[PDB]
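Everything below belongs to my_file-v2.cif, which stores mmCIF, C-alpha atoms; chains and numbers go by the auth columns.
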```cif
data_start
#
loop_
_atom_site.group_PDB
_atom_site.id
_atom_site.type_symbol
_atom_site.label_atom_id
_atom_site.label_comp_id
_atom_site.label_asym_id
_atom_site.label_seq_id
_atom_site.Cartn_x
_atom_site.Cartn_y
_atom_site.Cartn_z
_atom_site.B_iso_or_equiv
_atom_site.auth_seq_id
_atom_site.auth_asym_id
ATOM 1 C CA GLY A 1 10.528 0.275 9.447 0.00 1 Q
ATOM 2 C CA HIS A 2 12.614 -0.475 6.370 0.00 2 Q
ATOM 3 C CA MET A 3 9.413 0.209 4.407 0.00 3 Q
ATOM 4 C CA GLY A 4 9.966 3.904 5.187 0.00 4 Q
ATOM 5 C CA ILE A 5 7.130 6.248 4.331 0.00 5 Q
ATOM 6 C CA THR A 6 4.173 4.192 3.130 0.00 6 Q
ATOM 7 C CA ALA A 7 0.824 5.033 1.572 0.00 7 Q
ATOM 8 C CA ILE A 8 -2.373 3.322 0.446 0.00 8 Q
ATOM 9 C CA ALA A 9 -3.684 3.913 -3.057 0.00 9 Q
ATOM 10 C CA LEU A 10 -7.056 5.657 -3.280 0.00 10 Q
ATOM 11 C CA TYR A 11 -7.663 5.606 -7.049 0.00 11 Q
ATOM 12 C CA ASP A 12 -6.545 3.657 -10.083 0.00 12 Q
ATOM 13 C CA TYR A 13 -3.423 5.137 -11.651 0.00 13 Q
ATOM 14 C CA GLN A 14 -2.209 3.884 -15.031 0.00 14 Q
ATOM 15 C CA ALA A 15 1.432 4.762 -15.626 0.00 15 Q
ATOM 16 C CA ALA A 16 2.016 7.287 -18.412 0.00 16 Q
ATOM 17 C CA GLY A 17 5.796 6.815 -18.601 0.00 17 Q
ATOM 18 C CA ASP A 18 8.313 4.012 -18.289 0.00 18 Q
ATOM 19 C CA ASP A 19 9.623 5.618 -15.079 0.00 19 Q
ATOM 20 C CA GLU A 20 6.100 5.744 -13.606 0.00 20 Q
ATOM 21 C CA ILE A 21 4.324 3.065 -11.594 0.00 21 Q
ATOM 22 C CA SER A 22 0.747 1.794 -11.726 0.00 22 Q
ATOM 23 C CA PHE A 23 -1.552 0.824 -8.896 0.00 23 Q
ATOM 24 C CA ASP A 24 -5.122 -0.083 -8.041 0.00 24 Q
ATOM 25 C CA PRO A 25 -7.136 1.253 -5.099 0.00 25 Q
ATOM 26 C CA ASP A 26 -5.916 -0.401 -1.865 0.00 26 Q
ATOM 27 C CA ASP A 27 -2.493 -1.236 -3.318 0.00 27 Q
ATOM 28 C CA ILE A 28 0.340 -0.289 -0.954 0.00 28 Q
ATOM 29 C CA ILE A 29 3.204 2.042 -1.888 0.00 29 Q
ATOM 30 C CA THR A 30 6.324 1.842 0.267 0.00 30 Q
ATOM 31 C CA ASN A 31 9.748 3.451 0.633 0.00 31 Q
ATOM 32 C CA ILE A 32 8.269 6.771 -0.439 0.00 32 Q
ATOM 33 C CA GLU A 33 10.297 9.904 -1.108 0.00 33 Q
ATOM 34 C CA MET A 34 8.488 13.203 -1.699 0.00 34 Q
ATOM 35 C CA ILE A 35 11.100 14.129 -4.275 0.00 35 Q
ATOM 36 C CA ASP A 36 9.258 16.784 -6.293 0.00 36 Q
ATOM 37 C CA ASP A 37 6.096 18.715 -5.582 0.00 37 Q
ATOM 38 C CA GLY A 38 3.180 16.384 -6.412 0.00 38 Q
ATOM 39 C CA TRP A 39 5.285 13.588 -7.939 0.00 39 Q
ATOM 40 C CA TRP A 40 6.644 11.163 -5.355 0.00 40 Q
ATOM 41 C CA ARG A 41 8.828 8.093 -5.713 0.00 41 Q
ATOM 42 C CA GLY A 42 8.121 4.698 -4.212 0.00 42 Q
ATOM 43 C CA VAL A 43 7.723 0.972 -4.711 0.00 43 Q
ATOM 44 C CA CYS A 44 4.442 -0.731 -5.568 0.00 44 Q
ATOM 45 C CA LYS A 45 4.147 -4.464 -6.322 0.00 45 Q
ATOM 46 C CA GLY A 46 7.784 -4.860 -7.329 0.00 46 Q
ATOM 47 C CA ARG A 47 7.831 -1.646 -9.412 0.00 47 Q
ATOM 48 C CA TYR A 48 9.882 1.420 -8.419 0.00 48 Q
ATOM 49 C CA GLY A 49 9.022 4.781 -9.937 0.00 49 Q
ATOM 50 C CA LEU A 50 7.068 8.015 -9.888 0.00 50 Q
ATOM 51 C CA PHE A 51 3.418 8.375 -8.911 0.00 51 Q
ATOM 52 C CA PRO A 52 0.942 11.204 -8.215 0.00 52 Q
ATOM 53 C CA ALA A 53 0.911 12.178 -4.540 0.00 53 Q
ATOM 54 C CA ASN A 54 -2.778 13.133 -4.561 0.00 54 Q
ATOM 55 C CA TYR A 55 -3.694 9.582 -5.660 0.00 55 Q
ATOM 56 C CA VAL A 56 -2.522 7.963 -2.404 0.00 56 Q
ATOM 57 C CA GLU A 57 -3.015 8.405 1.337 0.00 57 Q
ATOM 58 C CA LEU A 58 -0.045 8.233 3.690 0.00 58 Q
ATOM 59 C CA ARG A 59 -0.310 5.629 6.440 0.00 59 Q
ATOM 60 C CA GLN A 60 0.001 6.020 10.212 0.00 60 Q
#
```
Would you mind giving the structure from this file in structure tokens?
Amino acid sequence: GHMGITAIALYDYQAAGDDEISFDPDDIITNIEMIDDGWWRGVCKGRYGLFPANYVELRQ
């Protein structure tokens, strides 16, 4: 519930900025906010930042 909008990573993403996050396939992204277009904001493994929307799959 307090995890908000959540998603499962499909592909490896390696952050390309300090404000970006990294994840591996099957990592979980939580507390997501579709702030801008194809760049969303959420938490993954203690890191809070931007990530590509087309790299993840929303849960439920």
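Taking atom CA of residue Q:47 as the reference point, atom CA of residue Q:20 is found at 8.7 Å.
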Let me make sure I understand: among Q:48, Q:55, Q:3, Q:60, which one has the smallest atom-to-atom distance to residue Q:18 if we use only C-alpha atoms?
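Checking each of Q:48, Q:55, Q:3, Q:60 against residue Q:18, counting only C-alpha atoms, the winner is Q:48.
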Can you measure atom CA of residue Q:15 to atom CA of residue Q:33 for me? One decimal in Å is fine.
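A separation of 17.8 Å between them.
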Which of these residues is nearest to residue Q:14, using only C-alpha atoms: Q:51, Q:58, Q:42, Q:26?
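Going through Q:51, Q:58, Q:42, Q:26 one by one, the smallest distance to residue Q:14 is for Q:51.
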Using only C-alpha atoms, can you tell me which of Q:27, Q:46, Q:22, Q:36 comes closest to residue Q:7?
Q:27
Please expand the PyMOL selection byres ((chain Q and resi 4) around 9) into the concrete residues it hits in this file, giving the result as a ChimeraX atom specification.
/Q:1-3,5-6,30-33
Find the residues near residue Q:28: any atom within 9 Å, counting only C-alpha atoms, skip ones fewer than 3 places away on the same chain, and give them as a ChimeraX atom specification.
/Q:6-9,23-25,43-45,56
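For the choices Q:10, Q:16, Q:50, Q:21, the atom-to-atom distance to residue Q:38 is smallest for Q:50 when using all atoms listed in the file.
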Kindly reconstruct stretch 23-51 of chain Q with N, CA and C atoms and present the result as a PDB file, in the frame of the given file.
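And here's selection.pdb as it stands now:
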```pdb
ATOM      1  N   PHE Q  23      -0.961   1.486 -10.045  1.00  0.00           N
ATOM      2  CA  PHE Q  23      -1.552   0.824  -8.896  1.00  0.00           C
ATOM      3  C   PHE Q  23      -3.066   0.851  -9.002  1.00  0.00           C
ATOM      4  N   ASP Q  24      -3.687  -0.016  -8.218  1.00  0.00           N
ATOM      5  CA  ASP Q  24      -5.122  -0.083  -8.041  1.00  0.00           C
ATOM      6  C   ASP Q  24      -5.485   0.425  -6.657  1.00  0.00           C
ATOM      7  N   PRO Q  25      -6.724   0.859  -6.449  1.00  0.00           N
ATOM      8  CA  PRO Q  25      -7.136   1.253  -5.099  1.00  0.00           C
ATOM      9  C   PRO Q  25      -6.846   0.123  -4.121  1.00  0.00           C
ATOM     10  N   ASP Q  26      -6.293   0.486  -2.965  1.00  0.00           N
ATOM     11  CA  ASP Q  26      -5.916  -0.401  -1.865  1.00  0.00           C
ATOM     12  C   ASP Q  26      -4.569  -1.086  -2.100  1.00  0.00           C
ATOM     13  N   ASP Q  27      -3.895  -0.851  -3.222  1.00  0.00           N
ATOM     14  CA  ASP Q  27      -2.493  -1.236  -3.318  1.00  0.00           C
ATOM     15  C   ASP Q  27      -1.666  -0.391  -2.354  1.00  0.00           C
ATOM     16  N   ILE Q  28      -0.530  -0.936  -1.929  1.00  0.00           N
ATOM     17  CA  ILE Q  28       0.340  -0.289  -0.954  1.00  0.00           C
ATOM     18  C   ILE Q  28       1.599   0.195  -1.660  1.00  0.00           C
ATOM     19  N   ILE Q  29       1.974   1.442  -1.390  1.00  0.00           N
ATOM     20  CA  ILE Q  29       3.204   2.042  -1.888  1.00  0.00           C
ATOM     21  C   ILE Q  29       4.125   2.218  -0.691  1.00  0.00           C
ATOM     22  N   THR Q  30       5.383   1.812  -0.841  1.00  0.00           N
ATOM     23  CA  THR Q  30       6.324   1.842   0.267  1.00  0.00           C
ATOM     24  C   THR Q  30       7.595   2.570  -0.149  1.00  0.00           C
ATOM     25  N   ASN Q  31       8.447   2.824   0.844  1.00  0.00           N
ATOM     26  CA  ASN Q  31       9.748   3.451   0.633  1.00  0.00           C
ATOM     27  C   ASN Q  31       9.592   4.743  -0.164  1.00  0.00           C
ATOM     28  N   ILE Q  32       8.665   5.579   0.296  1.00  0.00           N
ATOM     29  CA  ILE Q  32       8.269   6.771  -0.439  1.00  0.00           C
ATOM     30  C   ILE Q  32       9.261   7.894  -0.179  1.00  0.00           C
ATOM     31  N   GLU Q  33       9.481   8.703  -1.211  1.00  0.00           N
ATOM     32  CA  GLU Q  33      10.297   9.904  -1.108  1.00  0.00           C
ATOM     33  C   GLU Q  33       9.562  11.017  -1.836  1.00  0.00           C
ATOM     34  N   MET Q  34       9.212  12.078  -1.108  1.00  0.00           N
ATOM     35  CA  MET Q  34       8.488  13.203  -1.699  1.00  0.00           C
ATOM     36  C   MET Q  34       9.477  14.076  -2.475  1.00  0.00           C
ATOM     37  N   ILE Q  35       9.955  13.528  -3.596  1.00  0.00           N
ATOM     38  CA  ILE Q  35      11.100  14.129  -4.275  1.00  0.00           C
ATOM     39  C   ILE Q  35      10.729  15.475  -4.883  1.00  0.00           C
ATOM     40  N   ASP Q  36       9.577  15.565  -5.552  1.00  0.00           N
ATOM     41  CA  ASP Q  36       9.258  16.784  -6.293  1.00  0.00           C
ATOM     42  C   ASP Q  36       7.759  17.056  -6.222  1.00  0.00           C
ATOM     43  N   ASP Q  37       7.381  18.047  -5.416  1.00  0.00           N
ATOM     44  CA  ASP Q  37       6.096  18.715  -5.582  1.00  0.00           C
ATOM     45  C   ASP Q  37       4.955  17.712  -5.402  1.00  0.00           C
ATOM     46  N   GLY Q  38       4.257  17.342  -6.474  1.00  0.00           N
ATOM     47  CA  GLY Q  38       3.180  16.384  -6.412  1.00  0.00           C
ATOM     48  C   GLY Q  38       3.539  15.050  -7.016  1.00  0.00           C
ATOM     49  N   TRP Q  39       4.799  14.841  -7.376  1.00  0.00           N
ATOM     50  CA  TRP Q  39       5.285  13.588  -7.939  1.00  0.00           C
ATOM     51  C   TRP Q  39       6.247  12.976  -6.933  1.00  0.00           C
ATOM     52  N   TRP Q  40       5.844  11.862  -6.343  1.00  0.00           N
ATOM     53  CA  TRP Q  40       6.644  11.163  -5.355  1.00  0.00           C
ATOM     54  C   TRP Q  40       7.228   9.912  -5.986  1.00  0.00           C
ATOM     55  N   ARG Q  41       8.128   9.278  -5.248  1.00  0.00           N
ATOM     56  CA  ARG Q  41       8.828   8.093  -5.713  1.00  0.00           C
ATOM     57  C   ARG Q  41       8.643   7.001  -4.677  1.00  0.00           C
ATOM     58  N   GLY Q  42       8.289   5.806  -5.132  1.00  0.00           N
ATOM     59  CA  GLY Q  42       8.121   4.698  -4.212  1.00  0.00           C
ATOM     60  C   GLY Q  42       7.936   3.403  -4.964  1.00  0.00           C
ATOM     61  N   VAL Q  43       7.799   2.331  -4.190  1.00  0.00           N
ATOM     62  CA  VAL Q  43       7.723   0.972  -4.711  1.00  0.00           C
ATOM     63  C   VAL Q  43       6.296   0.478  -4.559  1.00  0.00           C
ATOM     64  N   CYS Q  44       5.762  -0.111  -5.624  1.00  0.00           N
ATOM     65  CA  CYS Q  44       4.442  -0.731  -5.568  1.00  0.00           C
ATOM     66  C   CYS Q  44       4.446  -2.029  -6.365  1.00  0.00           C
ATOM     67  N   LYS Q  45       4.261  -3.157  -5.675  1.00  0.00           N
ATOM     68  CA  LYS Q  45       4.147  -4.464  -6.322  1.00  0.00           C
ATOM     69  C   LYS Q  45       5.361  -4.748  -7.207  1.00  0.00           C
ATOM     70  N   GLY Q  46       6.549  -4.576  -6.632  1.00  0.00           N
ATOM     71  CA  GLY Q  46       7.784  -4.860  -7.329  1.00  0.00           C
ATOM     72  C   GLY Q  46       8.261  -3.788  -8.287  1.00  0.00           C
ATOM     73  N   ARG Q  47       7.494  -2.717  -8.481  1.00  0.00           N
ATOM     74  CA  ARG Q  47       7.831  -1.646  -9.412  1.00  0.00           C
ATOM     75  C   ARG Q  47       8.228  -0.387  -8.648  1.00  0.00           C
ATOM     76  N   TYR Q  48       9.324   0.240  -9.075  1.00  0.00           N
ATOM     77  CA  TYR Q  48       9.882   1.420  -8.419  1.00  0.00           C
ATOM     78  C   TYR Q  48       9.840   2.589  -9.395  1.00  0.00           C
ATOM     79  N   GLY Q  49       9.109   3.641  -9.046  1.00  0.00           N
ATOM     80  CA  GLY Q  49       9.022   4.781  -9.937  1.00  0.00           C
ATOM     81  C   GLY Q  49       8.143   5.877  -9.377  1.00  0.00           C
ATOM     82  N   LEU Q  50       7.790   6.807 -10.260  1.00  0.00           N
ATOM     83  CA  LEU Q  50       7.068   8.015  -9.888  1.00  0.00           C
ATOM     84  C   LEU Q  50       5.566   7.758  -9.857  1.00  0.00           C
ATOM     85  N   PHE Q  51       4.866   8.495  -9.000  1.00  0.00           N
ATOM     86  CA  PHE Q  51       3.418   8.375  -8.911  1.00  0.00           C
ATOM     87  C   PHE Q  51       2.839   9.695  -8.421  1.00  0.00           C
TER      88      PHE Q  51
END
```
